[PDB]
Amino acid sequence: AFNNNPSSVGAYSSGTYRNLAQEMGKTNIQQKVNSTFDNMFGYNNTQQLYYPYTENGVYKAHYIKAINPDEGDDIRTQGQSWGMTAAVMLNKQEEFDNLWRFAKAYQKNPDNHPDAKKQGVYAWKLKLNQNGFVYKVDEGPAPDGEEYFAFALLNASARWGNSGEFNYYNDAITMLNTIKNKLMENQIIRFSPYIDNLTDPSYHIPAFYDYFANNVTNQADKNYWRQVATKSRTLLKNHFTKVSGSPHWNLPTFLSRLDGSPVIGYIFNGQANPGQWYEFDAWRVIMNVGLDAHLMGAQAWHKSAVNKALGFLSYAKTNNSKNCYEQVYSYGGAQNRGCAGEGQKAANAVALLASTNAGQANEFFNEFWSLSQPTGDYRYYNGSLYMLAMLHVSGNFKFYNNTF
């Protein structure tokens, strides 16, 4: 049965990881997790997201392909870093290494880049040109990419050691210093090096920062990352307070001020969507809350964030002509951007790790568990989140500490 009283002691501390699928009475859980990875990282061109990159017939590395029928396929640090995270959780070293080789070679901006704000950060968008060779479309970072790179690399070091192709640990510490120096403002993760007083709630994963703190060696950096963790919880707490009730109706948003205030409308040239939209980025917020509750312990704010968000979506479904909750809401209003897909349902399943409502849990978990693995033109985002969710709900998303 669903544990509707999640511990205030996290799995990171106790070493006790929940198996949510097991709680929900599912069978063949590990088989399903394994097949999910095999399909995503298999040459089937169906669920597949993991693709080899070759140059003049010579194998180089692998990437997660951000398939895009609307603007053309591209390659993203977000998907790359998620791919590495999935690989390390399942002990898939070759897949990890092939993805990390790619990121280091092709996504990393040179340390002597003329723009100091871009030095050593990871170019968020690559494409293959008309001749099949990789190039940077946009050299600017998407800082949740770097966050997951650091997380994945620290775990790779812990699991596999540092004497092979990669010194994962050294790569991880380099990544952390890059986040600290290039991608932070007042110890809150930036949306952009070029904009101040701006964060993206979906980038906040407080448990990662606690993990970072326990895996650096020097006192100053240990304290630095623990402070980042506390400030992130505060940011998320503040954001959820501000979105509670009218006018945001309990869903977190795309963009936020450093005090947790949703960004209203457009604020910069190039902005994809209004700041106050619960859209594609925002899907991940309660997933992250569930992650943090599971790993670092469930507090009152975790439960309130998730219970109220899932509560809204359940309500929104009853007031939808298609009997679904939708992908995009603004001020509690449906924006007609389609019924929830696999990735959103996956994000919402992980959120259940902070839920205290067995009824909610039953509905949201079964909607996710009944899905087939994403295929087709929109599987990049849905498939990536689906993979992460499968790990989270099977007790496979673990923190592996390094030893000193």
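All residue numbers refer to positions in the sequence shown, first residue = 1.
For the pair 76-84 and 330-338, the mean Cα B-factor is higher in 330-338. If you average the C-alpha B-factors over 107-115 and over 155-163, the higher value belongs to 107-115.
Among the modelled residues of its chain, residue 374 has a C-alpha B-factor that falls in the highest third according to the deposited record. When the modelled residues of the chain are ordered by their C-alpha B factor, residue 384 lands in the lowest third.
Among all modelled residues in this chain, the alpha-carbon of residue 59 has a temperature factor (C-alpha) in the middle third.
Sort the modelled residues of the chain by CA B factor and residue 305 lands in the lowest third. In this PDB entry, the Cα temperature factor of residue 233 sits in the bottom third of its chain's modelled residues, the lowest group.
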